[PDB]
Each structure stands twice: as C-alpha cells, then as structure tokens.
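Accompanying notes for the structure given below.
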Amino acid sequence: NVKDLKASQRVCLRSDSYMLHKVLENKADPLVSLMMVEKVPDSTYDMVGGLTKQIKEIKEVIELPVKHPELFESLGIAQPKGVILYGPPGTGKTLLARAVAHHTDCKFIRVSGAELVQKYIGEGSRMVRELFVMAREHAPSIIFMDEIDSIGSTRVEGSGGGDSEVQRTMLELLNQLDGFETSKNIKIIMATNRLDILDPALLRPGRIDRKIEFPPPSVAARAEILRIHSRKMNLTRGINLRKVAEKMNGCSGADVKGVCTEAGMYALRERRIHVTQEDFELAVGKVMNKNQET
Amino acid sequence: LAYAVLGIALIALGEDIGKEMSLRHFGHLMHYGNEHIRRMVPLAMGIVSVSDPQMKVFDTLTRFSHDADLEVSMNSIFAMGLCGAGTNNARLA
Amino acid sequence: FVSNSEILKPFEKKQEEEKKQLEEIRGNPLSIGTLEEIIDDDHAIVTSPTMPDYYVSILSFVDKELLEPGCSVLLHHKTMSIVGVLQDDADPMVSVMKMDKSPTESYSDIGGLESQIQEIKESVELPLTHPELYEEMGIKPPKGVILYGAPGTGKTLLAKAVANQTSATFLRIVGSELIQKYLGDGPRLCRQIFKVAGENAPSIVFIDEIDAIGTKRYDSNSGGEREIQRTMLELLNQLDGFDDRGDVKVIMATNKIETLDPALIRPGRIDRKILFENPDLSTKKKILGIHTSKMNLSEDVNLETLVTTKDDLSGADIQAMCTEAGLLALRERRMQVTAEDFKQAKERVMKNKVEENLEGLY
Amino acid sequence: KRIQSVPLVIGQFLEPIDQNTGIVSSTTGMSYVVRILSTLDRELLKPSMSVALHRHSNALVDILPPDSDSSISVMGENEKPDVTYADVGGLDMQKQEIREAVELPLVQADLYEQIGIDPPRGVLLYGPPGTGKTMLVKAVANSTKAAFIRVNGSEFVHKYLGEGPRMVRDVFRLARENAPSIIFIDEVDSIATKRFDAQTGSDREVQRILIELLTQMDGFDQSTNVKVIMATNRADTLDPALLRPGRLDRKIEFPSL
Amino acid sequence: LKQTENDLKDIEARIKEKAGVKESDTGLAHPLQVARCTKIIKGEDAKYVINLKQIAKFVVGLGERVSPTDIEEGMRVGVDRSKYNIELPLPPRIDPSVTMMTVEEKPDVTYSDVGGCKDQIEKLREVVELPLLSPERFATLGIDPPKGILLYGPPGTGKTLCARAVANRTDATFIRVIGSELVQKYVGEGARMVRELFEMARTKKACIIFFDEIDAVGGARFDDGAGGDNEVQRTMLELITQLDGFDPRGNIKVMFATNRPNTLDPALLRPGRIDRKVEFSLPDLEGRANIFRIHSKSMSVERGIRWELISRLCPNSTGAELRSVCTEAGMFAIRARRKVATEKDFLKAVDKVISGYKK
C-alpha cells in the first residue's frame with residue numbers, strides 16, 4: 001500500500017512486472033560523508049574526573065533542559081543556545097561532550113566541519129541544510145563540532161576560517177530553532193583553546209549564552225582519571241594511585257591516558273600479564289621529561 | 001440541500017475549529033458534482049467569508065469569475081462584491 | 001450510494017475514457033526525462049537520462065505555449081514521444097536556503113523602537129498593505145534595505161517581525177559560508193538563490209553578516225583577489241540587471257555598514273539604509289514586560305525599579321537578564337525568582353556595556 | 001546442477017533480506033535481488049561475501065574465497081619479501097620502535113589482551129621511505145613469517161564509482177583469513193589528505209573508499225593478528241577518524257638526529 | 001466547462017500521436033553538437049551512413065538527399081563538429097549551441113532619461129538604432145559602424161535602462177553573459193563557452209551581447225598566469241580573437257560595463273574590441289535637473305518645485321544617485337501618507353544620499 005512506500009524508501013521492484021514487492025530500509029548520504037552516530041557513549045565524569053566546578057554548571061545548562069523541558073519553559077529561562085568550553089588544551093574537551101550525551105541518553109553526533117568543504121555548487125551547502133533536518137528527527141542530540149578543538153586526546157585538526165564559517169552557521173541555526181518552530185532539543189557544543197578560530201558572533205549574547213570553564217587537573221584529579229584507566233585492564237592490587245598522581249604535575253587528562261599506555265610497553269617487555277605500580281612511576285618520569293624541553 | 005450548506009454557516013457560529021473546518025469542507029463540495037452543487041458553492045463561501053473573511057475564498061472566487069458555467073460566474077461576482085464591502089475598493093479595485 | 005451514482009456514473013465516464021486511452025499508449029516502463037530545448041522544426045530535443053537523446057513529438061496534454069525547456073516530461077521507450085507532462089521535482093529551497101516559514105515575533109513585542117519601525121515598513125510591509133500609492137505615483141518601493149545593528153539585540157528582531165507581517169518565506173543565507181575559497185562555487189550559489197526566490201515570490205533573501213566581500217579593489221589579479229571580487233560583482237550585476245518592485249526583496253545585514261562599499265549598495269534600488277537606535281526607557285518596560293509574562297516569579301519584583309537604574313541598555317541586556325535570573329533561581333533549587341536576582345544580573349551586564357574607560361569615560 | 005554452471009558473472013553479496021532471498025551488487029553496475037540456495041542459506045551464509053552469479057539464472061551459484069578483482073591493476077603479495085635486514089646499525093632508535101609496535105601482536109595477540117592494553121592495530125610511519133624505513137618494514141614481515149601484502153594506496157585512485165570500494169573490502173577480509181598479515185598502504189596521503197579547512201577539494205571519489213577502509217580497519221583487529229602499516233613520503237595530516245585511538249595508535253618517527 | 005474542453009483536446013492529439021509512434025517504431029527510430037544516426041539502413045559514396053562518436057564510427061562524405069530527406073534513425077542529426085554533415089534534412093543551424101545563456105527578447109525599460117543624458121543617448125543612436133533602421137546609409141558611405149561600446153562610470157547608473165530601451169525600439173535580443181560566472185577552475189571550460197556564444201551569435205545576428213564587468217574576468221594579463229589569471233586570460237584572449245576575427249558589424253553589438261578603469265589592457269582598448277567610450281560618469285547642473293524633472297512627471301506633486309534648487313545640493317553625483325533622490329523624496333511623503341511631493345522632500349533626499357556615498 002502507498003503508506004508502506006515513502007520518499008527516499010528503498011524498494012525491490014520486479015524487472016519482470018514493475019511492481020514494488022517489498023520494502024527494505026530508508027537510505028541517506030551525509031551520514032557517510034564524515035558525519036556519524038555514536039549511540040550510548042562510554043565516557044563518564046570519572047573518566048576526565050575532577051571536573052567538580054564544571055559538573056554542576058554543565059548539568060544545569062545541558063542536562064536539566066533535556067531531562068525536563070516543561071520546567072525550563074515555565075520557570076522563565078529559555079534553554080541555553082550553545083556552550084563553548086574554554087580552558088587548557090588536551091584535557092577532555094571531546095570526552096566531556098560524549099559524557100554528557102551518554103548521561104541524558106541522547107545521540108552523540110560528531111561533525112567534521114571542513115567535510116561539511118566540497119568544491120561543487122551548493123553539494124556542501126546541501127549537506128549543511130540536511131545536518132539540521134537529520135538532527136531534528138534524531139532529537140535529543142549533542143551536536144559536537146570537531147575541528148575547532150586542539151586536543152591531544154584525538155588530534156588538533158582545523159586551520160584557517162574553514163571551520164569559523166561553519167562555526168557561524170551553527171549559531172544562526174539556534175536563532176532559527178527558537179524562531180519559527182519555537183523549540184529547542186538540540187544543543188551544540190564548541191570546544192576550543194585557540195584564538196584564531198573564534199567568531200564575533202561567538203562573543204555576542206542571544207547567539208550563545210554560556211561559557212563554561214574546563215579546570216586544570218591536579219594531584220587529586222589525576223588520581224581519579226588514572227583510577228578509571230587502570231581498572232579497564234589488569235593491574236597490581238596494592239596500588240596507590242594517589243602516589244603516582246603526585247608525581248605528575250602539569251599533566252592534562254590526555255597525559256593520564258598516555259601514562260598507562262607507556263607503562264604497558266614496560267609490562268609487555270618484561271612478559272607480565274598485568275601492569276604494576278612501578279611501570280606507572282617510570283611512565284610519569286617520561287612525560288615530565290618532554291615538558292621541560294629546551 | 002442548498003439551504004443545508006447555507007445553514008452550516010449559522011451552526012458554525014462561536015466555534016473556533018469549525019471555521020477552520022470550512023477550508024477542509026469546501027474541498028468536499030468540489031468533489032461532488034451536480035449543477036445544484038456548482039451553483040451553491042460561491043454563495044456558501046460568500047456567507048462564511050463575510051462572518052469570518054477567508055483569503056482562500058477570495059482566491060477561488062477570482063477563478064469562478066472566468067467560469068464557462070454561466071450561473072457560477074453570476075453568483076461569484078455578486079459574492080465577490082459582498083466580500084469587498086465595508087470599504088469602497090481595496091484589492092477590489 | 002444510489003443518489004450519488006446517477007451523477008457519478010457519467011462524471012466518472014468522461015475522465016475514464018481519456019484516462020484509458022492515455023494508459024494504453026503510456027504503458028510502463030517509460031523513462032522520465034528533461035526537455036533540453038523546444039526546436040524550430042517543432043520537435044523538442046530532450047536529454048534522456050538513459051543517455052540517448054531524440055527529436056520528439058508532443059501529444060497535447062497541455063500545449064507547447066504552456067511548456068518551456070528544462071521541465072520534466074514523461075518519454076516513450078525509444079522515440080521518446082511526450083506522452084504526458086510531469087510536474088517538476090526537487091525545487092532547491094532545501095539546499096541553498098534555510099527556511100523559516102511564517103517566522104515569529106511582531107512589532108508590538110519590541111515597540112518603543114516605533115520611529116525606526118515606520119522606516120522599515122515603508123520599504124517592505126506597507127507596499128503590500130497599500131499598493132496604491134506606489135502604483136499611482138509610478139515610483140517603486142526600495143527593493144532592498146540594509147539593517148545594521150547586532151544579532152539578538154535588535155537586528156534579528158526587526159527582521160523576524162517584518163517578514164512575518166508580509167507573510168513571505170524568510171530564507172536565510174550565511175554570508176561567510178558562501179565563502180568557499182575556490183574558483184567556481186560562489187557566483188553560482190548566488191545566482192541559484194536569486195532564481196528560486198523570483199519564481200516563488202514574494203520571498204525574503206536575508207543575507208546574514210556580509211563582511212568578507214565588502215572589499216572592492218581597483219585592479220584584479222590571480223585567484224586570491226579575483227575570487228572575492230567575482231562574488232561581490234555577481235551580487236552587483238544581478239541588481240543592476242533586473243529590476244523588481246517585490247518579486248525579490250533583500251534584507252542585507254551587517255554589524256556596521258562602514259564595511260560595505262557605497263558602490264555595492266547601489267542607490268536607486270537600495271535607497272534605505274536603516275539604523276539601529278537602543279531601546280529607551282519605554283521600550284525597556286515593554287521588552288521586559290513580554291519576557292516576564294513567560295515567567296513564574298515572586299511578587300517583590302518591580303519591573304519599573306530595574307528599568308530606571310539601567311542606562312540606556314540594549315534589548316539584548318533585557319533578554320540576557322531574564323535568562324540570567326532563572327539560572328540563579330534554578331541553582332538554588334526553586335522556581336520563584338526574587339528581585340535581588342534580577343538586580344544582580346542587571347549590575348553585571350550594565351558594567352560590561354558601560355566599560356570603555358579613559359576614552360569613553362575620560 | 002548443470003543449469004547453474006560456467007560461464008558466470010562475479011558479484012558481491014551485500015546482505016540477506018529474508019529467507020532464501022538476498023541482495024547482491026554485481027560488479028558491472030547492475031544490482032539484483034536473487035535467491036540463495038537452501039543449503040547455502042544456513043551455515044555457509046555470511047552477510048557480505050564474494051559470489052558466483054549466473055547471467056540468465058539470477059541465482060547464487062557459488063560462494064567464492066574473497067579475492068574478487070577490479071579493473072585497477074591487482075595488488076602484490078610477497079610471501080617472505082626479499083628485503084630482510086639490510087641496513088642496520090645506527091638505526092638504533094627506529095629499530096627498537098618498530099620491534100615492540102609491529103612484531104609482537106602477530107606472534108602473540110593474546111599477551112596484549114591479558115595485560116588489557118590495546119594492541120597497535122594500525123601504525124603510522126613518518127619520515128623518508130627507501131632510506132632505512134622500508135627495509136625494516138619488509139624485514140619484520142619476513143621474520144614474523146606473515147604474508148607481505150603490498151597494497152597500492154595511490155591506486156584508489158580509480159576514477160569510477162565505488163571498483164575501488166569493492167577492492168579494499170576484499171583485501172581486509174582476505175588479510176583476517178590469511179592472518180598473520182601486513183597490509184602495507186603505500187602513500188595513504190593520497191586517499192585521506194582532503195578537507196581540513198575547505199582546501200583540497202576534488203576528492204569526492206576517495207571519500208567512499210575512506211569510509212570503507214575505517215569500517216573494515218576498526219571492526220577487526222580486536223585482538224590483533226593482522227597489522228596495518230601506513231606510509232607517507234614525509235608526513236601529511238589525515239582525516240580525524242584514522243588518527244584517533246583504536247586505529248593509528250603508535251605514531252612512529254624516523255629521527256632527524 | 002473547462003474540463004470537457006481539455007479532454008477533447010487530449011483525445012484529438014492522442015490518436016494522431018499513437019499512429020505516429022507505430023510508424024516511428026517500424027522505421028526503428030535542430031540543435032546538435034555531433035550527428036548520431038545509430039543504424040542507417042536507408043539513405044566515394046552514394047548513400048548516407050553518418051554516426052560521430054568515440055566508441056565507433058560510420059563515415060560518409062556526402063550529405064544532401066532531397067529523397068528520402070535523410071534524418072530519422074537514432075536522432076541527433078544535422079551538421080557536425082567534424083564536418084561530415086547532415087547537410088539540410090530538417091534544419092541544421094551551423095553547429096548550434098546546446099549550452100544556454102539568458103535571452104531577453106525586447107527588454108522593456110524604455111527611455112529612463114532623454115534629457116540630461118542627451119549626448120550619451122545620441123552616441124547609442126548613431127551606432128545601434130540607425131543601422132538597423134537603414135543598413136543602406138552605412139553601406140553607401142562605405143563605413144562599418146562601431147563593433148563594441150565600453151560604458152564607464154559605475155554600473156546601474158541607468159546605464160542598463162537606456163541600453164534596454166534602444167533594444168526594445170529596434171526589437172533586438174539582449175544576450176547576457178555575466179563575466180563572474182565563467183570563472184571555472186577546470187581545463188578550458190570558459191573559453192569553450194565563448195566560442196559557442198559567438199557561433200550562436202552569428203545565427204541570431206541583431207542582438208546586443210551584454211558582457212557584465214571586465215573588472216571580473218580579463219582584469220590583468222601582465223601576471224603570465226597564476227592559476228586564477230590563467231583560465232581567466234585564456235577565456236579573455238579567446239573572446240578578443242573572435243571579435244577582430246569578424247562577426248558582423250551593424251547587427252551584433254557587444255556592450256562592456258566597468259566600475260573602475262585600472263583593469264583595462266591595450267588588447268582590450270584597440271578597435272575591433274572597443275571603439276566607443278560612452279560616459280555615464282558625472283553630468284552637469286543643467287543635466288541633473290533634467291533627470292530629476294523626468295522621474296517626477298509621472299508623480300503627482302504639489303507646487304513649489306524648481307529642479308535647479310534640487311540640483312544645487314549635489315557637489316558631484318552619478319546617474320544612480322539621481323534616481324535615488326526622486327524615489328527617496330516620495331518615501332518621506334508616503335510615511336506622512338501623501339501622494340504629492342514637495343520642495344522640502346527633495347532637499348531631504350539629497351542630504352541623505354550624498355552623505356552615505358561619502359567615505
């Protein structure tokens with residue numbers, strides 16, 4: 001029947017009779033042009049932990065709206081348009097985005113800004129317009145903009161105004177959502193540690209309303225991050241994570257993940273079936289050596 | 001029958017949705033044939049659209065003006081003059 | 001049933017006869033295609049998407065004076081005869097246009113900016129409302145207008161409000177993103193915009209934050225100067241090329257207008273360059289009044305008191321304040337919003353605007 | 001039996017829709033919905049596999065070992081490649097670096113997993129090739145006694161829709177089957193230096209080949225017995241999906257000093 | 001009514017069409033860029049078999065064929081871009097373009113000014129108007145009328161409006177090519193468009209080809225390429241060649257538009273490219289007055305206007321600015337709700353327009 005058929009349905013039609021005999025599944029094209037879904041993320045607040053100041057702030061800006069929309073409306077506060085995270089590089093800027101997405105149980109959608117840089121008439125323009133349509137179907141979502149961020153957790157990508165032009169479009173679209181629709185279920189995440197990727201629309205109220213600070217790790221914090229990474233794998237059981245942590249100073253969340261992986265090569269050479277505390281001290285010594293560079 | 005559809009304007013007094021339902025409704029009337037029905041529709045539309053003006057009703061009536069059915073053109077133009085009343089001229093010019 | 005059936009059976013009968021006769025000839029699989037051109041030998045050359053192309057006969061479903069090139073038509077198996085005509089598909093306001101159909105806000109909700117509102121009106125709202133002055137006189141209403149102010153503060157508000165009042169599709173273009181940095185992308189993007197707008201008139205081409213093709217150069221060289229200049233020139237030529245009294249209306253937008261050339265504005269089409277003045281005291285009361293409606297608050301709040309100490313502050317400030325005050329209540333685990341909260345939000349925003357020391361505050 | 005016999009067209013199975021029915025894409029450009037045999041429907045049925053198709057029948061004739069070919073020239077397999085520790089001595093840092101990254105998961109997947117650290121699945125090598133680097137790569141393959149599959153990475157670069165996606169798919173599959181193995185991507189910078197800033201347009205055809213490589217690369221190698229080694233004329237940046245953890249996790253430098 | 005008559009037309013059309021399809025089926029079967037009759041059973045050489053394609057070839061040197069009248073077959077048919085040629089079964093038109101441009105037959109904008117553009121109009125009149133009205137005059141003298149005109153000062157000065165107006169009077173086509181769009185970055189594409197525009201131009205002769213902006217394309221050539229002056233010069237140098245290379249003068253007109261005068265090359269200036277330089281730059285006080293007087297005739301007005309006074313407030317203008325003063329003056333009146341225009345309004349519109357133009 002015609003209500004099984006729909007626009008953009010993929011169907012099997014007889015080459016014999018030209019009769020649409022069954023329906024498969026619907027197809028799409030931006031979802032395979034470097035945009036992607038990642039359901040139920042594996043990041044937690046304990047992952048890049050020691051985020052306390054941020055935790056309460058981020059919960060109210062993102063999580064409460066999503067969890068309870070009616071409440072925001074009636075209270076007298078419209079939902080925040082964007083959050084920009086600003087603080088030291090290489091922390092867990094990306095990680096945080098995924099963590100929040102998981103918590104509310106919303107779809108994490110990773111957008112490569114530049115990819116959204118086709119050199120044909122409009123094909124790029126097309127994908128940008130479709131990015132919003134898709135996410136409106138897929139609501140709720142965290143739309144995380146990759147390539148505006150310098151992080152050692154993944155990689156520093158982006159150059160030029162080629163992700164500043166894209167960064168602008170995201171902010172217009174939030175106006176547009178409060179605008180004719182009068183909805184908002186879709187929150188857009190900036191992360192940056194860089195001044196040569198900003199906008200003047202970024203600096204403007206009614207266009208982006210929250211600037212939430214990302215702390216530096218500390219000796220207490222490093223222990224929390226380290227603890228998670230060592231208990232996703234096999235380790236000695238008398239361990240003092242606190243001891244290790246005091247030895248790292250200066251060292252971001254991404255470094256706490258590097259310490260474990262460098263410690264592991266030591267374990268692996270000496271043909272152990274677990275890592276030990278020892279490996280971790282030596283690993284902290286290795287990272288400190290790099291920071292001090294001549 | 002002519003009077004039944006005329007009656008529906010008066011029944012649709014004080015009823016918010018129903019005024020909206022008219023726009024669905026006159027759609028139904030186009031499907032149904034018969035000279036009695038073709039004659040009645042400019043009048044049905046005219047009465048509703050001077051106790052609740054409808055841009056859709058004006059848009060339809062312009063087309064009825066240039067109709068090859070004689071009785072329909074007749075009723076459309078008198079009707080159209082009914083909608084433009086309340087002013088001299090407007091879009092009516 | 002039976003009452004219906006007596007009118008029904010012949011009314012059914014004339015449509016069915018036409019239909020029958022069509023379907024037999026029209027028998028599937030018939031390829032859909034595009035008319036390339038309609039020829040001097042009364043043929044049409046067609047571009048078939050199956051790769052041949054042909055000189056084709058027409059069966060007058062609707063006539064050739066009612067048919068134009070690039071229209072979609074349905075073509076026979078080999079000779080590609082036009083068996084029936086089709087309606088066009090994939091109109092491209094879903095690819096170069098972000099659409100805001102019947103957008104929100106109005107003139108009453110920011111009122112107190114009333115003198116500027118009449119100005120904007122006179123080019124856009126008013127010709128629709130009263131054609132007659134414009135017609136009789138014989139001079140045209142300005143095609144295009146430029147708004148300068150700031151996003152979420154007054155520029156955007158005026159644009160939502162006016163567009164909705166005229167019931168035209170507000171079609172939002174990102175100026176900077178046109179910005180595509182390779183020789184082929186922009187001038188087409190621009191052409192494709194203007195085309196679709198005029199077709200499906202009256203329509204608003206809203207060009208948001210054009211700052212980057214706001215240069216003019218005396219000489220053009222290379223790709224690095226010429227790209228920019230090609231995009232600028234394309235806007236200028238389309239305006240200069242056609243004239244429209246409101247098949248296409250333009251709102252151009254920029255923060256300040258001192259970054260637009262006066263030879264890109266083009267007097268005599270764009271005659272209005274309309275300013276942004278700050279909300280004054282009456283307006284603040286109003287802007288507030290609208291934003292306090294949506295609220296659940298305490299009765300110790302005095303809308304009046306907070307307006308009076310605010311020194312001539314932007315509509316943005318007023319929005320911001322409400323949004324800020326709700327947060328101070330939400331954190332404290334409550335849904336009531338006391339006066340003290342509004343006041344703290346007011347003190348913070350008022351300081352930042354009024355910071356400009358040793359050259360403003362000498 | 002005789003009805004379903006040579007000559008034959010080659011296709012690929014995309015997915016099973018329902019019972020006794022499957023979708024294939026044949027290599028020509030014509031896609032068919034076909035039947036599968038009832039004795040091929042259970043216990044030999046993979047969701048994507050290489051198939052033998054009849055050209056009148058429109059039925060599953062045979063299931064093929066995955067190595068179905070392309071109109072691009074075939075890639076090179078070299079069991080025991082002949083460069084095997086030629087240049088040595090004074091490459092002390094680069095020899096040690098390779099050794100713990102590349103050799104150990106092939107001989108023992110199982111120790112990495114038991115520690116619970118991720119094995120390197122992909123490694124990126126940067127610095128010149130053909131001056132001490134290549135020699136080592138080849139030598140490791142030979143010493144671990146894995147097949148060297150030299151895979152021409154600037155040769156996707158075919159100018160047609162997808163022959164090229166079909167070929168990558170065949171190669172990752174065939175590597176896991178013929179484990180231990182090295183897929184060695186000569187110049188990965190050809191099919192993955194694109195859009196970082198809306199420069200390096202004209203790379204729309206490699207975008208499909210890229211997605212296909214990521215789904216095969218990350219979705220296997222969970223314990224690691226098959227290594228991917230990436231090679232670049234000096235260095236080139238890559239599109240963000242390769243570079244993140246779970247793929248190119250070791251990033252190995254050839255010393256300036 | 002409207003419905004029965006539409007069906008009656010379908011029925012009639014259709015029967016003729018069904019018969020005609022079957023006849024087309026039995027034989028197993030104008031613009032065109034190669035001919036391609038993909039079979040040819042009917043029809044050096046004494047019979048046609050012509051099919052111009054990479055993948056195969058059928059070649060016959062001899063066209064004509066008044067019986068059967070050739071054509072038919074796998075249909076694209078006529079003259080070839082290789083010159084084997086369907087010569088004269090169903091109208092060829094010399095390699096005729098399938099690549100379009102915007103045609104505006106009779107552009108409608110009649111005579112915006114006729115006073116205060118007095119000399120500039122008169123220049124157009126000699127070159128364009130009179131040679132269509134009488135070709136014999138020109139012939140008898142033995143002169144050939146200016147091939148190309150350059151129009152300077154800013155564009156949209158009412159430069160467009162005037163050009164269009166003479167085109168209406170003569171019933172001639174505006175052929176618009178916009179310089180900026182041509183710009184591709186793919187090998188040879190722009191120059192290819194230029195050749196087909198002139199082939200098409202010769203067919204359509206009595207036409208004003210409007211080339212928008214020479215600041216856009218052909219802006220330099222002193223670089224010796226750069227990637228973005230290299231396609232752009234390629235297009236440009238090709239376009240000149242065509243012009244001195246001959247297209248008919250006194251029919252085909254090319255009109256150039258430019259905002260700024262630093263783009264021009266010695267190649268561009270020369271005859272057979274530009275012959276005329278028409279001003280639309282800065283007019284006189286007497287002149288500004290005439291253009292004001294002219295736009296306000298159509299308008300109602302209430303008394304007390306002297307054009308001279310309005311003119312006085314302009315220290316320098318362009319035609320664009322003048323058009324803005326009358327139209328802006330009308331707007332102050334409509335806000336107050338008025339049909340008439342006043343001396344006060346005109347003054348108010350001068351002050352606004354000039355001051356914005358500054359900087």
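For the structure tokens, the naming scheme is as follows: chains receive sequential letters (A, B, ...) according to their order of presentation, residues are indexed from 1 within each chain, and ligands are indexed from 1 in presentation order.
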* alpha helix (DSSP H) residues, from DSSP on the backbone, in stretch 112-352 of chain C, as a count of residues only -> 118
* To do: Check every residue of chain A for an atom within 7 Å of chain C, counting only C-alpha atoms, and provide those that qualify as a PyMOL selection string.
  => chain A and resi 74-78+119-122+125-126+129+165-166+169+179-180+205-207
How about saving the chosen residues, N, CA, C and O atoms kept, as a PDB file, in the first residue's frame?
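Output (again-v2.pdb):
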```pdb
ATOM      1  N   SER A  74       8.412  26.984  31.898  1.00  0.00           N
ATOM      2  CA  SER A  74       7.547  27.612  32.836  1.00  0.00           C
ATOM      3  C   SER A  74       8.337  28.579  33.804  1.00  0.00           C
ATOM      4  O   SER A  74       7.783  29.582  34.215  1.00  0.00           O
ATOM      5  N   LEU A  75       9.565  28.171  34.150  1.00  0.00           N
ATOM      6  CA  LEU A  75      10.460  28.856  35.154  1.00  0.00           C
ATOM      7  C   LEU A  75      10.759  30.279  34.768  1.00  0.00           C
ATOM      8  O   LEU A  75      10.541  31.206  35.593  1.00  0.00           O
ATOM      9  N   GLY A  76      11.059  30.528  33.482  1.00  0.00           N
ATOM     10  CA  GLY A  76      11.208  31.841  32.898  1.00  0.00           C
ATOM     11  C   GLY A  76      12.536  31.970  32.282  1.00  0.00           C
ATOM     12  O   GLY A  76      13.013  33.084  32.041  1.00  0.00           O
ATOM     13  N   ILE A  77      13.252  30.799  32.025  1.00  0.00           N
ATOM     14  CA  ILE A  77      14.545  30.760  31.411  1.00  0.00           C
ATOM     15  C   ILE A  77      14.374  29.916  30.136  1.00  0.00           C
ATOM     16  O   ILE A  77      13.926  28.760  30.175  1.00  0.00           O
ATOM     17  N   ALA A  78      14.730  30.580  29.002  1.00  0.00           N
ATOM     18  CA  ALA A  78      14.756  29.793  27.724  1.00  0.00           C
ATOM     19  C   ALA A  78      16.030  29.002  27.773  1.00  0.00           C
ATOM     20  O   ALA A  78      17.003  29.509  28.366  1.00  0.00           O
ATOM     21  N   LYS A 119      33.900  21.060  -3.292  1.00  0.00           N
ATOM     22  CA  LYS A 119      34.113  22.156  -4.248  1.00  0.00           C
ATOM     23  C   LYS A 119      33.185  21.884  -5.453  1.00  0.00           C
ATOM     24  O   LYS A 119      33.754  21.777  -6.535  1.00  0.00           O
ATOM     25  N   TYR A 120      31.898  21.822  -5.165  1.00  0.00           N
ATOM     26  CA  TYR A 120      30.831  21.905  -6.133  1.00  0.00           C
ATOM     27  C   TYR A 120      29.762  22.814  -5.625  1.00  0.00           C
ATOM     28  O   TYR A 120      29.640  23.106  -4.438  1.00  0.00           O
ATOM     29  N   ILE A 121      28.912  23.229  -6.572  1.00  0.00           N
ATOM     30  CA  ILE A 121      27.831  24.153  -6.434  1.00  0.00           C
ATOM     31  C   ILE A 121      26.794  23.672  -5.445  1.00  0.00           C
ATOM     32  O   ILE A 121      26.005  22.771  -5.724  1.00  0.00           O
ATOM     33  N   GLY A 122      26.763  24.299  -4.246  1.00  0.00           N
ATOM     34  CA  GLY A 122      25.748  24.074  -3.245  1.00  0.00           C
ATOM     35  C   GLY A 122      25.952  22.804  -2.463  1.00  0.00           C
ATOM     36  O   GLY A 122      25.196  22.544  -1.526  1.00  0.00           O
ATOM     37  N   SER A 125      26.595  23.018   0.456  1.00  0.00           N
ATOM     38  CA  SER A 125      25.529  23.760   1.013  1.00  0.00           C
ATOM     39  C   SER A 125      24.430  22.825   1.404  1.00  0.00           C
ATOM     40  O   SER A 125      23.839  22.909   2.436  1.00  0.00           O
ATOM     41  N   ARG A 126      24.227  21.763   0.565  1.00  0.00           N
ATOM     42  CA  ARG A 126      23.171  20.827   0.758  1.00  0.00           C
ATOM     43  C   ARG A 126      23.346  20.121   2.009  1.00  0.00           C
ATOM     44  O   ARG A 126      22.381  20.112   2.783  1.00  0.00           O
ATOM     45  N   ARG A 129      22.389  22.091   5.201  1.00  0.00           N
ATOM     46  CA  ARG A 129      20.982  22.189   5.414  1.00  0.00           C
ATOM     47  C   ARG A 129      20.423  20.918   5.913  1.00  0.00           C
ATOM     48  O   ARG A 129      19.588  20.897   6.742  1.00  0.00           O
ATOM     49  N   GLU A 165      33.644  29.730   9.467  1.00  0.00           N
ATOM     50  CA  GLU A 165      32.469  29.894   8.557  1.00  0.00           C
ATOM     51  C   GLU A 165      31.374  28.897   8.938  1.00  0.00           C
ATOM     52  O   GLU A 165      30.166  29.248   9.022  1.00  0.00           O
ATOM     53  N   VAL A 166      31.799  27.618   9.264  1.00  0.00           N
ATOM     54  CA  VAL A 166      30.942  26.569   9.715  1.00  0.00           C
ATOM     55  C   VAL A 166      30.478  26.792  11.114  1.00  0.00           C
ATOM     56  O   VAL A 166      29.399  26.397  11.547  1.00  0.00           O
ATOM     57  N   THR A 169      27.560  29.130  11.237  1.00  0.00           N
ATOM     58  CA  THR A 169      26.274  28.648  10.675  1.00  0.00           C
ATOM     59  C   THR A 169      25.505  28.023  11.859  1.00  0.00           C
ATOM     60  O   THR A 169      24.292  28.173  11.962  1.00  0.00           O
ATOM     61  N   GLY A 179      13.027  30.449  16.748  1.00  0.00           N
ATOM     62  CA  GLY A 179      12.431  31.338  15.858  1.00  0.00           C
ATOM     63  C   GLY A 179      11.100  30.742  15.478  1.00  0.00           C
ATOM     64  O   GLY A 179      10.287  30.608  16.389  1.00  0.00           O
ATOM     65  N   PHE A 180      10.838  30.368  14.212  1.00  0.00           N
ATOM     66  CA  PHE A 180       9.584  29.919  13.647  1.00  0.00           C
ATOM     67  C   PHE A 180       8.980  28.644  14.296  1.00  0.00           C
ATOM     68  O   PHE A 180       7.841  28.578  14.651  1.00  0.00           O
ATOM     69  N   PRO A 205      25.950  37.872  22.909  1.00  0.00           N
ATOM     70  CA  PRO A 205      24.728  37.415  23.519  1.00  0.00           C
ATOM     71  C   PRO A 205      23.584  37.216  22.565  1.00  0.00           C
ATOM     72  O   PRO A 205      23.484  37.742  21.430  1.00  0.00           O
ATOM     73  N   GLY A 206      22.563  36.336  22.910  1.00  0.00           N
ATOM     74  CA  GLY A 206      21.456  35.924  22.016  1.00  0.00           C
ATOM     75  C   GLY A 206      21.914  35.243  20.822  1.00  0.00           C
ATOM     76  O   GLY A 206      21.397  35.455  19.740  1.00  0.00           O
ATOM     77  N   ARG A 207      23.020  34.491  21.024  1.00  0.00           N
ATOM     78  CA  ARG A 207      23.585  33.850  19.884  1.00  0.00           C
ATOM     79  C   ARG A 207      24.364  32.709  20.406  1.00  0.00           C
ATOM     80  O   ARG A 207      24.719  31.861  19.562  1.00  0.00           O
TER      81      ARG A 207
END
```
* To do: Write down, as a list in words, each residue of chain E that has any atom within 12 Å of an atom of chain B, counting only C-alpha atoms.
  => residues 1, 2, 3, 4 and 5 of chain E
Using only C-alpha atoms, find each residue of chain D with at least one atom at most 12 Å away from an atom of chain C; report its shortest atom-to-atom pair and that distance in Å (one decimal), sort the rows by chain and rising residue number, and return the result as CSV.
```
residue,atom,partner,partner_atom,distance
D:195,CA,C:180,CA,11.9
D:197,CA,C:181,CA,9.6
D:198,CA,C:180,CA,7.2
D:199,CA,C:181,CA,7.6
D:200,CA,C:182,CA,9.7
D:201,CA,C:182,CA,8.6
D:202,CA,C:182,CA,10.9
```
* **Spatial neighbours of residue C:122, 9 Å, only C-alpha atoms, chain gap at least 4 places, as a PyMOL selection string** => (chain C and resi 117-118+126-127+141-142) or (chain E and resi 331+334-335)
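Picture a line from atom CA of residue C:76 to atom CA of residue C:22; it runs 12.2 Å.
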